[PDB]
Structure formats: structure tokens, C-alpha cells
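What follows is a short report on a single structure.
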Amino acid sequence: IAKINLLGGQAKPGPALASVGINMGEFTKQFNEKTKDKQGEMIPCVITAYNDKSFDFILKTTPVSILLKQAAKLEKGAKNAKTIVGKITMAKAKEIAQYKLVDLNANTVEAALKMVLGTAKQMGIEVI
Amino acid sequence: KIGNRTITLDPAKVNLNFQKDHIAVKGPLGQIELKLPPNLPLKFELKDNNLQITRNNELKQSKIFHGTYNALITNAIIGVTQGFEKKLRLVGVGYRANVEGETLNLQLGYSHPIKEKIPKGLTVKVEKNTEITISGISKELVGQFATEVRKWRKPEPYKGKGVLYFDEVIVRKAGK
Amino acid sequence: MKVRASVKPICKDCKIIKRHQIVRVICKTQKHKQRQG
Amino acid sequence: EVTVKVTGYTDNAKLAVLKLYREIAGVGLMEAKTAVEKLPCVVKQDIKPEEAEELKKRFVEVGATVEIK
Amino acid sequence: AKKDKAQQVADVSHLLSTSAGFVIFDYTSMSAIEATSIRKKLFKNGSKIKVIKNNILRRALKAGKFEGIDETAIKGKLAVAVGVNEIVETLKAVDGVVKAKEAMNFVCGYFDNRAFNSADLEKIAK
Amino acid sequence: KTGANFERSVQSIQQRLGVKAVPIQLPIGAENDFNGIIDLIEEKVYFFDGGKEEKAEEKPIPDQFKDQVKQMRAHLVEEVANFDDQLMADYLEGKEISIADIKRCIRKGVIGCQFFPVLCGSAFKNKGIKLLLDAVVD
RNA sequence: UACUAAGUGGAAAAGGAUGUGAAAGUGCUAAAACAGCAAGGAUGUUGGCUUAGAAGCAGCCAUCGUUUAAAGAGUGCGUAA
């Protein structure tokens, strides 16, 4: 199998969803509708075995450290915490917290906020 | 340590005679005598449906030997109870295997017929002309047989063509 | 292996042993296998 | 699940049922040749009722006493 | 030394005695994925799931108004499924964790102490 | 040579191409001793003449190989039966497809690319060129 | 009596040696740790920059959040990611 950091629209590139046992386009048509509500930054995608692969496909929450960079209005910051240049706003912070709450091993929103700030120190943003 | 461990004994299926020179495990597959040093100072306490062997003498050799012979007695008991089997996969397009009676023949790039010595006491089978199956009732003989088989043509470090143990991690160098 | 005069465990598997009274290092890293330590 | 059964042949009309089986099942000469030669042959397995009745109409338009079981 | 194990035996004994629904079961290992999933089901419920020392669980069930001398001291990964707050929520968590695995061997403990059933326990739990 | 086979031929002709090469020739000798051919349209043939070949030493279909040739004959007539469906009917009534019809159907299957015969031969003991040319003419 | 299995005696150097027995300080376990294994050993995360997706792991780092018995952007392997 293979987990990919796939796109939100087309999923054509990558020899990991094209041939794991399933045909590309007949799942791509599902990808355009199951992920059209999960667009934005590159969203994770996990493949599994139904028979070998045709169903049972769900998307994990987006890796919010480059979506967190986009919350800082950024694509490249640094490799370590640096001077403050962006700020994840109230609505963005709360929706990211509730977004990660189910992906994480955590139970509380405060653990989500600790999560978001914990990867926030790789580009140099403070998660409020 | 396995000195702390205990060996579950089968005193009715495999008679375990603790002759220090030749520990005799006698089961349905005959009787194999592990040749240990004559009159070992080590004591091999054989209880009923239980075994425990310790270092009666206190030395590095005896400290080695207690665990050595604990594992050895385990191997001997299970080998004379069911037997030991080793599978060798001669994965090659020009390398083949065969058995004539109890002679294991190899087919190399050689134009030379190849045979293979056995630490006898084992049966070697090649039903499909590519796999070698060694059955035996002594682990040392089986292992030496496998070593003597693999020293004919080990799989090439560059391509997996040779007599693997089916899990032999071949070192990979580059020449192309 | 190659003849040396001092064995150094430059690999984690470099077991300093004595085969036929020849002191060598046996290890997975065949590059580091030597002799006569 | 229902499977199509090409058991009978209206006036022994295996004539075209070879050809239709070949074109619709994507099988070689072997499969149709050895299957629709005999009555109890399992031409298809685990097919949905819609595709089963499509096979029904095809097999009867080329001529065969076909059953759905 | 063994004194440390002794007071922490006592601590887990109090922990098992105070709780009413404490249904601990070994099931051929408990996964960190399983712990994650079951604790998400327990979100906010400050109760924990773990596998811990056999002696301490032994005397915890022994001192938890039950018997655990060898019932929950053997068989590898002895999962500790205890509950906090509402007895209802405890029972629901126990039933959910039983349904988490393929077919779980009811090992030790019970809801409200002193087990009389093993199949009705899964029925009371749900 | 050391490493050749017949199953290798019919499997490589498929994994490389996949054209359903129907083996009308069964090589007597398949690894480093190819000196004979077992034919379906013709009879079995050996080759006593290494190097330069002039004679196709044909041999009949004996009791030890009647079933060996018969299984592949059924193999071939099960394809040939689909063409000229009167052959299919004949297979209902158990009549083996005539060799002339087999030859015409193989001619159609090579000029129409339906199925081709995969013959066998050698080039270092130089065996298997007689029936090669025979099938080429056929 | 403590030691040796090198005949060390009865040759030996820089250097190197998970050298033998014994012994001085440092821990748990005795309830059964530790070792191998039954096995859980996870999670954001393909975090980004370069490198194509090297992005658990061509390489760098903030490596912090969390479920916990345990966890590491992983001991690493496998890797196109």
C-alpha cells in the first residue's frame, strides 16, 4: 500500500493510486466529489484493501504545518522557529483545532492547540 | 538465562539418559547421543516431566556449558520428537538441483557434474528441481549440510542467483 | 579479511574472535573484517 | 446472486451462442468452445440481475433455452 | 527495591478498589491505535487504559473486593479497562472496548465488583 | 544450451507478446538435446543428422505417444472448431477435425493473425529446420 | 591455597585485545523484571527548503503535540515521496 499527500482536484500523478490493484479514473471521479470539500492545501490520502482496492477510502486531515504556513500567508519560512511573520486567525485556529481533534490521539481542544503550536515552531509562527 | 528457565521433559515419549559423555535422547525417530565431554562435572537434574541443568562446577567453561547444553537438549528432544527441516532455494536461471537416492547434485554454469557431501544422518530431497529440503534428527548435521551446500555457489552479490536460505540477505555492491 | 596488528570495533557487529588461533573480527560489514589483531 | 445458465439450445442453436459468448465474456476459443458445447455449463458467475437479463436477451436472440438460477 | 513495588501495588490496589466498574482483560495485546480509539471514545473522561505490572494488578483485584491472584497476572499484555464518572459511561466504554477487538477473552474484574457472568457482562455493558 | 526449455519458449512468446502461440510442435529434446519434433498436422520426427540437415526422420504416433499427441490435437481442434462452425457440430458428434481443415484454419490464423504455430529447433547442433520449412510452405 | 590452560614457564616492543578466575562501588526482580520472543511498538507529518513527492527517514532542523506500556518526524530498514 501507500499513503500519499495528494491534491484536492486531480490525483493523476503518482504511481501509488494509479495501480495498487484499482483503475485510476473510476476512483478519480469519486476523488473529484469526495475531496471537493477537502480542497486547499494538499490533503492526505490512504489506500487499503477492500478486495485488493476498490472502496473504503477516507481522507485524513490535512498536515497543518504548510496549511499553517498558509495561515501565516507563507509557503517557505525556515527550518526552525524564527521571527513572527504570520498569525492564524480566530476562525482559522478554531477550525484547525476541531479539524485535528479527530485525526489526533487527543481528547481535548487544548491538546489540538498544543499540536498546532508544536509544529508552529518549524516555520516561526505563534498559534493563538 | 535459560539456566533460570526450565525444560519441560517428556520422560515417556523421549527417554533422556544423562550420560555425560553421550546424552541419549531416545524418541520415535531413534536415539541420538549428543557427544558432551566425558564425565561432565555439570549436573543435569532430570525431574519428572521437568528438567533443570546448572553449573555444578564454577568456571567460565561451565557457565557457558549450562546454557549451551540446555539449548542443546531442547534441540535434541524436539529433533528426535518431530525432526528438523531446512529449505534452500536455488534461485537461478542456470543453477538447478537434483537428488539421486541420498546424493544431492547441483547444476552450475559448470560443464562438470556436481555432488554434495552430507554430514550423514539426514535425508535430502529435491522434488521440484530447484528446491532443496533437508530433514534430519541432529541440528549440527543439518547446519553443516546447509553450509556445505551454500559454499558451491552462493547467490551473486549483484543479482539474486544462487542457493539462498530464502531469507539470506545478500550484500549488494555495484558493478552495473 | 586482511592481516592487521590491532583490531578496532569500527562496526557494531565486529566480534573479536579467534579461529584456528588466528584472532580476527567477524561481522556483517565484510569491509571491516580483518585478521591478526 | 443469480447466474445465467445456457442449458438448452432452441433447435440446437449453439451455432451463434459460441460467437455471442466469445464477444460478450471476452473469453478465448477454449472457454466458449468447451462450455457452450454442453448443457450444464457455468458460463458466468456472480452477475447482477441487470447484466444477467442482458445476457438472457443476448443468448436468446442468438438462440438458446436459457435459465436464470 | 521491592518496597517501591510494594507501595505502588498498594496504590493500584486503592485505584481498583475505589472504582466500581473495572473490567480488565488480556486480548493478545492492546494496540496504541486501539488505545487511541478507545480514549477518543473516552474523550474528557479522565480514565486511562494500559497494561501494567502483573503483581500490582494481582493485588489490586485482590484488594479490589475481587480475586486476581493468578487470574490477571499471566497471559502477556494484561489490559486494564477501568472506568470513571457515570457508571453508565463506564459500562458504555467497557462495551465499546470489547467490541473493538475480534473476540476478547474476559479475564478479570467486573462491573460493581464480583463477576457472576461473562456473556451478560457484555449485555449489561451495552 | 544450458538453461533452455520448451515451456520457456511458450511462456516468453506470451509475456513478451501475448499472441496465443499454439504449439503444434512438441520438441523431443528441449534443453541441450533438441533432436526431434512431435507434430500434429504431421507425424513425429527425429533428427539423426547434426549440422547439415537433409532428411526429416518421421516416425508414426505410437501407443506411448498417441495420448500425448491426442491431448494437443484436442487443444488445437477446440480452437479450429470455432472457425467453420460445422467443425463445432462435428465436435458435438465427436468427429475429430480433419487435418486439411486444420491446415486451412492455421493458414487463415497466420494471414489473419488469429493464432500461430510455435515450432522448435536448434542452431548449434542445427536441428529442426525440416519441419520449419514444411510449416512455412504450409 | 588464589590462578592458568598460553607450556604462560621455556622470548619480547609501540599499539591493540566484548583475556581467565576472584574481588571493590553502582539496580531490579524473588511477587517473578531484565535477555529472546507472544507480541503492542502509535500518532501531524509527504511539516517544509533543496531535492521530482527525499516531505518519519538522499540531507537539515523546530522534533514539539498527543493516546498511553511505550515511543523516535523514528533503531533503523523500505523507499518515487
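Identifiers in the C-alpha cells: chain A, B, ... in order shown; residue index from 1 per chain; ligand index from 1 in order shown.
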If we count only C-alpha atoms (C1' of nucleotides) and set the cut-off at 8 Å, which residues sit around residue 126 in chain E, ignoring sequence neighbours fewer than 4 positions away in its own chain? Please answer as a ChimeraX atom specification.
/E:91-92,95-96,122
Chain F residues within 7 Å of chain D, counting only C-alpha atoms: which ones, as a ChimeraX atom specification?
/F:78-79,82,85,92
Near chain A, 7 Å: chain G residue rows, closest pairs, only C-alpha atoms (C1' of nucleotides), as a tab-separated table:
residue	atom	partner	partner_atom	distance
G:43	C1'	A:105	CA	6.2
G:44	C1'	A:63	CA	5.7
G:45	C1'	A:63	CA	6.0
G:46	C1'	A:5	CA	5.2
G:47	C1'	A:65	CA	5.0
G:48	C1'	A:76	CA	6.7
G:49	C1'	A:76	CA	6.9
G:61	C1'	A:79	CA	5.3
G:62	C1'	A:80	CA	4.0
G:64	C1'	A:118	CA	4.3
G:65	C1'	A:115	CA	3.7
G:66	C1'	A:106	CA	5.1
G:67	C1'	A:105	CA	5.0
Contacts of residue 45 in chain D at 9 Å (only C-alpha atoms (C1' of nucleotides); same-chain gap of 6+ positions) as a PyMOL selection string:
chain D and resi 1-4
Filtered DSSP result for chain D, state strand (DSSP E or B), as a list in words
residues 2, 4, 5, 6, 47, 66, 67 and 68 of chain D
I'd like the contact shell of range 10-15 of chain C - 8 Å cut-off, only C-alpha atoms (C1' of nucleotides), skipping same-chain residues fewer than 2 positions apart - returned as a PyMOL selection string.
(chain C and resi 8+17+25-29+32-33) or (chain G and resi 18)
Write a file of the selected residues as a PDB file, in the first residue's frame, keeping C-alpha atoms (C1' of nucleotides).
ATOM      1  CA  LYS C   8      39.165  -1.837  16.302  1.00  0.00           C
ATOM      2  CA  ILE C  17      37.104 -13.955  17.961  1.00  0.00           C
ATOM      3  CA  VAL C  25      36.822  -9.860  13.708  1.00  0.00           C
ATOM      4  CA  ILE C  26      33.614 -11.496  12.473  1.00  0.00           C
ATOM      5  CA  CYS C  27      30.883  -9.047  11.486  1.00  0.00           C
ATOM      6  CA  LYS C  28      28.157  -8.351   8.944  1.00  0.00           C
ATOM      7  CA  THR C  29      30.189  -5.472   7.460  1.00  0.00           C
ATOM      8  CA  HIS C  32      35.650  -4.170   8.287  1.00  0.00           C
ATOM      9  CA  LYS C  33      36.625  -7.845   8.642  1.00  0.00           C
TER      10      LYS C  33
ATOM     11  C1'   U G  18      33.116  -7.880  24.455  1.00  0.00           C
TER      12        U G  18
END
Need to verify the contact set: range 19-34 of chain G, 7 Å, only C-alpha atoms (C1' of nucleotides), exclusion of same-chain residues closer than 5 positions in sequence. Can you return it as a PyMOL selection string?
(chain E and resi 1+55) or (chain G and resi 3)
Give me the residues of chain E that have any atom at most 12 Å from an atom of chain G; for each, the nearest atom pair and the distance in Å, rounded to one decimal. Use only C-alpha atoms (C1' of nucleotides), sort by chain and number, and format it as a tab-separated table.
residue	atom	partner	partner_atom	distance
E:1	CA	G:28	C1'	6.5
E:2	CA	G:29	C1'	7.9
E:3	CA	G:28	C1'	11.2
E:4	CA	G:28	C1'	10.4
E:5	CA	G:31	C1'	9.0
E:6	CA	G:31	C1'	9.2
E:9	CA	G:31	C1'	10.0
E:26	CA	G:40	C1'	11.8
E:27	CA	G:40	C1'	10.8
E:28	CA	G:39	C1'	7.5
E:29	CA	G:40	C1'	5.6
E:30	CA	G:40	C1'	5.7
E:31	CA	G:40	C1'	4.8
E:32	CA	G:42	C1'	4.9
E:33	CA	G:42	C1'	5.9
E:34	CA	G:67	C1'	8.8
E:35	CA	G:67	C1'	5.8
E:36	CA	G:67	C1'	4.5
E:37	CA	G:67	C1'	8.2
E:38	CA	G:67	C1'	8.9
E:39	CA	G:67	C1'	6.8
E:40	CA	G:67	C1'	8.4
E:41	CA	G:67	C1'	11.5
E:42	CA	G:67	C1'	10.9
E:43	CA	G:67	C1'	10.8
E:47	CA	G:68	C1'	11.2
E:48	CA	G:68	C1'	7.8
E:49	CA	G:68	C1'	7.1
E:50	CA	G:69	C1'	6.2
E:51	CA	G:69	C1'	5.7
E:52	CA	G:69	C1'	6.6
E:53	CA	G:33	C1'	9.3
E:54	CA	G:31	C1'	8.7
E:55	CA	G:31	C1'	5.7
E:56	CA	G:31	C1'	8.7
E:57	CA	G:31	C1'	11.1
E:58	CA	G:31	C1'	9.3
E:59	CA	G:31	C1'	9.6
E:69	CA	G:31	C1'	10.2
E:70	CA	G:31	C1'	11.1
E:73	CA	G:31	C1'	10.0
E:74	CA	G:32	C1'	11.0
E:75	CA	G:38	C1'	8.7
E:76	CA	G:38	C1'	7.0
E:77	CA	G:40	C1'	8.1
E:78	CA	G:69	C1'	10.2
E:79	CA	G:69	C1'	9.8
E:80	CA	G:69	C1'	10.7
Would you put the residues from that selection into a file with N, CA and C atoms, as a compact mmCIF listing (two decimals), in the first residue's frame?
# COMPACT_ATOMS: atom_id res chain seq x y z
N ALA E 1 13.71 -0.70 45.75
CA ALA E 1 13.68 -2.15 45.54
C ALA E 1 12.24 -2.66 45.58
N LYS E 2 12.06 -3.86 46.15
CA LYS E 2 10.73 -4.45 46.22
C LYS E 2 9.77 -3.62 47.07
N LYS E 3 10.30 -2.78 47.97
CA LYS E 3 9.46 -1.85 48.72
C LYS E 3 8.74 -0.88 47.79
N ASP E 4 9.45 -0.35 46.78
CA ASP E 4 8.82 0.53 45.79
C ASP E 4 7.65 -0.16 45.11
N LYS E 5 7.89 -1.37 44.59
CA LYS E 5 6.82 -2.19 44.04
C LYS E 5 5.71 -2.39 45.06
N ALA E 6 6.04 -2.43 46.35
CA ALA E 6 5.01 -2.66 47.36
C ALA E 6 4.07 -1.47 47.53
N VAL E 9 2.05 -1.26 44.40
CA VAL E 9 1.00 -2.27 44.49
C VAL E 9 -0.17 -1.72 45.30
N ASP E 26 -6.99 -9.39 29.12
CA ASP E 26 -5.88 -9.53 28.14
C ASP E 26 -6.52 -9.95 26.82
N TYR E 27 -6.15 -9.33 25.70
CA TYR E 27 -6.69 -9.80 24.40
C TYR E 27 -5.58 -9.88 23.36
N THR E 28 -4.59 -10.76 23.58
CA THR E 28 -3.46 -10.94 22.61
C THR E 28 -2.90 -9.56 22.26
N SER E 29 -2.66 -8.69 23.27
CA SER E 29 -2.07 -7.33 23.11
C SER E 29 -3.12 -6.23 22.93
N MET E 30 -2.81 -5.02 23.41
CA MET E 30 -3.69 -3.86 23.15
C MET E 30 -2.84 -2.88 22.35
N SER E 31 -3.35 -2.37 21.23
CA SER E 31 -2.55 -1.54 20.35
C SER E 31 -2.63 -0.07 20.74
N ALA E 32 -1.57 0.67 20.42
CA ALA E 32 -1.62 2.12 20.60
C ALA E 32 -2.68 2.75 19.71
N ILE E 33 -2.93 2.16 18.54
CA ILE E 33 -4.10 2.56 17.76
C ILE E 33 -5.37 2.25 18.53
N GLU E 34 -5.43 1.07 19.16
CA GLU E 34 -6.59 0.73 19.97
C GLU E 34 -6.73 1.65 21.17
N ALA E 35 -5.62 1.97 21.84
CA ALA E 35 -5.67 2.89 22.97
C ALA E 35 -6.16 4.26 22.53
N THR E 36 -5.65 4.73 21.38
CA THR E 36 -6.10 5.99 20.80
C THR E 36 -7.60 5.98 20.55
N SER E 37 -8.09 4.93 19.88
CA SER E 37 -9.51 4.87 19.53
C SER E 37 -10.39 4.81 20.77
N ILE E 38 -10.02 3.97 21.74
CA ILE E 38 -10.84 3.84 22.94
C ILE E 38 -10.79 5.09 23.80
N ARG E 39 -9.67 5.81 23.83
CA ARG E 39 -9.61 7.04 24.61
C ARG E 39 -10.35 8.17 23.91
N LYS E 40 -10.37 8.15 22.57
CA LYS E 40 -11.19 9.15 21.85
C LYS E 40 -12.64 8.88 22.26
N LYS E 41 -13.07 7.61 22.31
CA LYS E 41 -14.43 7.29 22.82
C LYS E 41 -14.57 7.80 24.26
N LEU E 42 -13.45 7.89 24.99
CA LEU E 42 -13.48 8.35 26.40
C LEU E 42 -13.10 9.84 26.46
N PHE E 43 -13.24 10.58 25.36
CA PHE E 43 -12.80 12.00 25.34
C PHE E 43 -13.40 12.73 26.54
N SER E 47 -10.28 8.82 32.59
CA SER E 47 -9.82 7.46 32.86
C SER E 47 -8.81 7.01 31.80
N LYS E 48 -7.94 6.09 32.19
CA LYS E 48 -6.84 5.63 31.36
C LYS E 48 -7.01 4.15 31.02
N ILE E 49 -6.37 3.75 29.92
CA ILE E 49 -6.27 2.35 29.53
C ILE E 49 -4.79 2.02 29.34
N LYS E 50 -4.40 0.84 29.80
CA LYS E 50 -2.99 0.49 29.87
C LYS E 50 -2.86 -1.01 30.10
N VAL E 51 -1.63 -1.50 29.99
CA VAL E 51 -1.22 -2.80 30.53
C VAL E 51 -0.09 -2.54 31.50
N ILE E 52 -0.21 -3.08 32.71
CA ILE E 52 0.69 -2.74 33.80
C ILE E 52 1.21 -4.03 34.44
N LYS E 53 2.05 -3.86 35.46
CA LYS E 53 2.70 -4.98 36.13
C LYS E 53 1.67 -6.00 36.62
N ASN E 54 2.06 -7.27 36.58
CA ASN E 54 1.12 -8.34 36.92
C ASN E 54 0.85 -8.43 38.42
N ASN E 55 1.89 -8.27 39.25
CA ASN E 55 1.69 -8.35 40.69
C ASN E 55 0.79 -7.23 41.18
N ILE E 56 0.97 -6.02 40.65
CA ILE E 56 0.21 -4.88 41.15
C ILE E 56 -1.26 -5.02 40.75
N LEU E 57 -1.52 -5.45 39.52
CA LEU E 57 -2.88 -5.76 39.11
C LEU E 57 -3.44 -6.93 39.92
N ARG E 58 -2.61 -7.92 40.21
CA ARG E 58 -2.99 -9.07 41.04
C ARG E 58 -3.54 -8.62 42.38
N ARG E 59 -2.72 -7.93 43.18
CA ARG E 59 -3.18 -7.48 44.48
C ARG E 59 -4.16 -6.32 44.40
N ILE E 69 -5.37 -13.36 42.04
CA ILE E 69 -4.06 -13.89 42.42
C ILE E 69 -3.31 -14.41 41.19
N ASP E 70 -3.98 -15.15 40.33
CA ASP E 70 -3.40 -15.57 39.06
C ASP E 70 -4.34 -15.34 37.89
N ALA E 73 -2.66 -12.04 36.28
CA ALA E 73 -1.22 -11.92 36.48
C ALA E 73 -0.43 -12.68 35.41
N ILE E 74 -1.12 -13.31 34.46
CA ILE E 74 -0.49 -14.16 33.46
C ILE E 74 -0.96 -13.68 32.09
N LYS E 75 -0.55 -14.37 31.03
CA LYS E 75 -1.04 -14.15 29.66
C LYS E 75 -0.66 -12.76 29.14
N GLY E 76 0.64 -12.52 29.09
CA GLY E 76 1.21 -11.39 28.37
C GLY E 76 0.68 -10.01 28.70
N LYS E 77 0.02 -9.38 27.73
CA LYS E 77 -0.40 -7.99 27.83
C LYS E 77 -1.77 -7.94 28.50
N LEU E 78 -1.76 -7.72 29.82
CA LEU E 78 -2.98 -7.66 30.62
C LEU E 78 -3.61 -6.27 30.57
N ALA E 79 -4.62 -6.09 29.72
CA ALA E 79 -5.21 -4.77 29.53
C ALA E 79 -6.01 -4.37 30.75
N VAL E 80 -5.82 -3.13 31.21
CA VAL E 80 -6.54 -2.58 32.34
C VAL E 80 -7.63 -1.67 31.78
Within 8 Å of chain F, which residues of chain B come that close, and what is the closest atom pair and distance in Å for each? Count only C-alpha atoms and give it as JSON lines.
{"residue": "B:93", "atom": "CA", "partner": "F:3", "partner_atom": "CA", "distance": 6.4}
{"residue": "B:94", "atom": "CA", "partner": "F:3", "partner_atom": "CA", "distance": 5.2}
{"residue": "B:109", "atom": "CA", "partner": "F:2", "partner_atom": "CA", "distance": 7.7}
Restricting it to C-alpha atoms, dump the selection as a PDB file, in the first residue's frame.
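Ended up saving to selection-v8.pdb:
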ATOM      1  CA  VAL B  93      18.220 -19.434 -14.397  1.00  0.00           C
ATOM      2  CA  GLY B  94      21.241 -21.699 -14.919  1.00  0.00           C
ATOM      3  CA  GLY B 109      27.447 -22.999 -15.072  1.00  0.00           C
TER       4      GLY B 109
END
Using DSSP secondary structure from the backbone, list all helix (DSSP H, G or I) positions within chain D, as JSON, numbers by chain.
{"D": [14, 15, 16, 17, 18, 19, 20, 21, 22, 23, 24, 25, 29, 30, 31, 32, 33, 34, 35, 49, 50, 51, 52, 53, 54, 55, 56, 57, 58, 59, 60, 61]}
Write out, as a short mmCIF file (atom, residue, chain, number, x, y, z; two decimals), in the first residue's frame, the residues just selected, with N, CA, C and O atoms.
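See out-v4.cif below for the written result:
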data_model
loop_
_atom_site.label_atom_id
_atom_site.label_comp_id
_atom_site.auth_asym_id
_atom_site.auth_seq_id
_atom_site.Cartn_x
_atom_site.Cartn_y
_atom_site.Cartn_z
N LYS D 14 -26.46 -23.68 -30.84
CA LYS D 14 -25.16 -23.30 -30.30
C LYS D 14 -24.32 -22.57 -31.34
O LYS D 14 -23.34 -21.89 -31.00
N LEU D 15 -24.76 -22.67 -32.60
CA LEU D 15 -24.20 -22.02 -33.77
C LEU D 15 -23.69 -20.62 -33.46
O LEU D 15 -22.49 -20.33 -33.59
N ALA D 16 -24.59 -19.75 -33.01
CA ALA D 16 -24.22 -18.38 -32.70
C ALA D 16 -23.95 -18.14 -31.22
O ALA D 16 -23.43 -17.07 -30.87
N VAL D 17 -24.30 -19.09 -30.34
CA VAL D 17 -24.05 -18.83 -28.93
C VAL D 17 -22.56 -18.91 -28.64
O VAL D 17 -22.08 -18.20 -27.75
N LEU D 18 -21.79 -19.72 -29.39
CA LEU D 18 -20.33 -19.60 -29.30
C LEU D 18 -19.88 -18.16 -29.53
O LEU D 18 -19.13 -17.59 -28.73
N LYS D 19 -20.33 -17.57 -30.64
CA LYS D 19 -19.87 -16.25 -31.03
C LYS D 19 -20.30 -15.19 -30.02
O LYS D 19 -19.50 -14.32 -29.65
N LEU D 20 -21.54 -15.26 -29.55
CA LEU D 20 -22.01 -14.25 -28.61
C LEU D 20 -21.31 -14.40 -27.27
O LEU D 20 -20.95 -13.40 -26.64
N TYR D 21 -21.10 -15.63 -26.81
CA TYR D 21 -20.36 -15.85 -25.57
C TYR D 21 -18.95 -15.30 -25.69
O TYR D 21 -18.45 -14.63 -24.78
N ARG D 22 -18.30 -15.55 -26.84
CA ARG D 22 -16.95 -15.04 -27.06
C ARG D 22 -16.91 -13.52 -27.03
O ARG D 22 -16.01 -12.92 -26.43
N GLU D 23 -17.88 -12.87 -27.68
CA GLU D 23 -17.82 -11.42 -27.79
C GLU D 23 -18.23 -10.73 -26.49
O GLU D 23 -17.76 -9.63 -26.20
N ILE D 24 -19.11 -11.35 -25.70
CA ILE D 24 -19.61 -10.68 -24.50
C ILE D 24 -18.81 -11.02 -23.25
O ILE D 24 -18.74 -10.19 -22.33
N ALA D 25 -18.20 -12.21 -23.18
CA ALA D 25 -17.44 -12.59 -22.00
C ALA D 25 -15.96 -12.29 -22.13
O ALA D 25 -15.22 -12.40 -21.14
N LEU D 29 -11.16 -18.97 -27.48
CA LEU D 29 -11.85 -20.05 -28.18
C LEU D 29 -12.06 -21.24 -27.25
O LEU D 29 -13.10 -21.91 -27.30
N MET D 30 -11.09 -21.49 -26.36
CA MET D 30 -11.20 -22.59 -25.41
C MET D 30 -12.48 -22.50 -24.58
O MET D 30 -13.23 -23.47 -24.47
N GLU D 31 -12.74 -21.33 -23.99
CA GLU D 31 -13.78 -21.25 -22.96
C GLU D 31 -15.17 -21.46 -23.55
O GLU D 31 -15.91 -22.33 -23.08
N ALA D 32 -15.52 -20.69 -24.57
CA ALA D 32 -16.81 -20.89 -25.23
C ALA D 32 -16.90 -22.28 -25.85
O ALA D 32 -17.91 -22.97 -25.69
N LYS D 33 -15.82 -22.71 -26.51
CA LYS D 33 -15.79 -24.00 -27.18
C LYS D 33 -16.13 -25.14 -26.23
O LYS D 33 -16.94 -26.01 -26.55
N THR D 34 -15.53 -25.13 -25.04
CA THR D 34 -15.75 -26.22 -24.09
C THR D 34 -16.99 -26.01 -23.22
O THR D 34 -17.55 -27.00 -22.74
N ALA D 35 -17.43 -24.77 -23.02
CA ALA D 35 -18.60 -24.53 -22.18
C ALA D 35 -19.90 -24.75 -22.93
O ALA D 35 -20.68 -25.66 -22.60
N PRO D 49 -28.47 -8.94 -11.46
CA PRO D 49 -29.66 -9.28 -12.27
C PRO D 49 -29.79 -8.49 -13.56
O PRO D 49 -30.30 -9.04 -14.54
N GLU D 50 -29.35 -7.23 -13.59
CA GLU D 50 -29.46 -6.45 -14.82
C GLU D 50 -28.55 -7.02 -15.91
O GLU D 50 -29.00 -7.26 -17.04
N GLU D 51 -27.28 -7.25 -15.59
CA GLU D 51 -26.38 -7.85 -16.56
C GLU D 51 -26.78 -9.29 -16.85
O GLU D 51 -26.58 -9.79 -17.97
N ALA D 52 -27.39 -9.97 -15.87
CA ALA D 52 -27.89 -11.32 -16.09
C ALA D 52 -28.99 -11.34 -17.14
O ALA D 52 -29.01 -12.20 -18.02
N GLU D 53 -29.93 -10.39 -17.06
CA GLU D 53 -31.01 -10.36 -18.04
C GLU D 53 -30.53 -9.82 -19.38
O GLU D 53 -31.09 -10.17 -20.43
N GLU D 54 -29.49 -8.98 -19.38
CA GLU D 54 -28.84 -8.63 -20.65
C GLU D 54 -28.25 -9.87 -21.32
O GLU D 54 -28.44 -10.08 -22.53
N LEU D 55 -27.55 -10.71 -20.56
CA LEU D 55 -27.07 -11.97 -21.10
C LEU D 55 -28.23 -12.85 -21.54
O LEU D 55 -28.13 -13.57 -22.54
N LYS D 56 -29.34 -12.82 -20.79
CA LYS D 56 -30.53 -13.56 -21.18
C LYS D 56 -30.99 -13.17 -22.57
O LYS D 56 -31.15 -14.03 -23.45
N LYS D 57 -31.21 -11.87 -22.80
CA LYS D 57 -31.74 -11.43 -24.08
C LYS D 57 -30.75 -11.70 -25.21
O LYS D 57 -31.14 -12.08 -26.31
N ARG D 58 -29.45 -11.52 -24.93
CA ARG D 58 -28.45 -11.82 -25.96
C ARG D 58 -28.45 -13.31 -26.31
O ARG D 58 -28.52 -13.68 -27.49
N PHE D 59 -28.39 -14.17 -25.30
CA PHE D 59 -28.31 -15.61 -25.54
C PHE D 59 -29.58 -16.13 -26.20
O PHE D 59 -29.52 -17.14 -26.92
N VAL D 60 -30.72 -15.49 -25.97
CA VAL D 60 -31.94 -15.94 -26.64
C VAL D 60 -32.09 -15.33 -28.03
O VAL D 60 -32.76 -15.91 -28.89
N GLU D 61 -31.49 -14.16 -28.28
CA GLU D 61 -31.54 -13.61 -29.63
C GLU D 61 -30.58 -14.33 -30.57
O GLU D 61 -30.81 -14.36 -31.78
#
Chain B near chain G within 10 Å: what's each residue's closest atom pair and its distance in Å to one decimal, counting only C-alpha atoms (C1' of nucleotides), ordered by chain then ascending residue number, as CSV?
residue,atom,partner,partner_atom,distance
B:1,CA,G:35,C1',7.3
B:2,CA,G:35,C1',9.7
B:58,CA,G:21,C1',9.3
B:59,CA,G:21,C1',7.3
B:60,CA,G:20,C1',7.8
B:61,CA,G:20,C1',9.9
Counting only C-alpha atoms (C1' of nucleotides), give me one row per residue of chain G with an atom at most 10 Å from an atom of chain C, showing the shortest contact pair and its distance in Å to one decimal, sorted by chain then residue number, as a tab-separated table.
residue	atom	partner	partner_atom	distance
G:15	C1'	C:6	CA	6.8
G:16	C1'	C:6	CA	4.0
G:17	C1'	C:37	CA	7.4
G:18	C1'	C:15	CA	7.4
Quick one: write out the picked residues with C-alpha atoms (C1' of nucleotides) as a PDB file, in the first residue's frame?
ATOM      1  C1'   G G  15      49.719  -0.405  19.677  1.00  0.00           C
ATOM      2  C1'   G G  16      45.677  -3.329  20.088  1.00  0.00           C
ATOM      3  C1'   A G  17      42.700  -7.299  22.927  1.00  0.00           C
ATOM      4  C1'   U G  18      33.116  -7.880  24.455  1.00  0.00           C
TER       5        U G  18
END
Do you know which residues are at most 9 Å from residue 85 in chain E counting only C-alpha atoms (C1' of nucleotides), after dropping those on the same chain fewer than 2 positions away, and could you put them as a VMD selection string?
chain E and resid 45 to 47 83 87 to 90
